[PDB]
C-alpha cells in the first residue's frame, strides 16, 4: 500500500468525516480530502484523479450505492476501489452493494485496527 494514496472521504456528517480522516491519519494515510454527499463527491473524483474512496452508505442527495454505480458506469472512474461504511452489515445490503461493484465494507463504530484490515483486504 502507498501511504500517499489520494483518498476521498464521503459522508453528510462532518463529525464522522473527521473521525475517519483521523483514523486514516493514525494509519499513516494523510492525503485525504472530503465531500459531504455523493453529489459533491462525483465532481471531485471526475476532476481530481483520486486513488481510493471511503463513502458512507446513507446520504440525502446521492446515496452511497448510487455514488458507487456512477463511479462504475464512468469509464474514467470505474477503476476506483470503494469502501462502504454501514451502521450494520445486513446481508441484503452487502449483497446489493457487492452486485453494484463495491470492494469492501466496514461497520461503524469502527477502529483504526479494523480499518487497516479492511484496506489490506481491498488492496487485493
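Numbering follows the first chain given and starts at 1.
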Looking at the deposited entry, does 39-47 or 26-34 carry the larger mean Cα B-factor? 26-34
If you average the CA temperature factors over each stretch, which comes out higher, 6-14 or 111-119? 111-119
Highest recorded Cα temperature factor - choice among 62, 98, 73, 54: 73
Tell me which of 84, 68, 80, 89 tops the list for C-alpha B factor in the record. 89
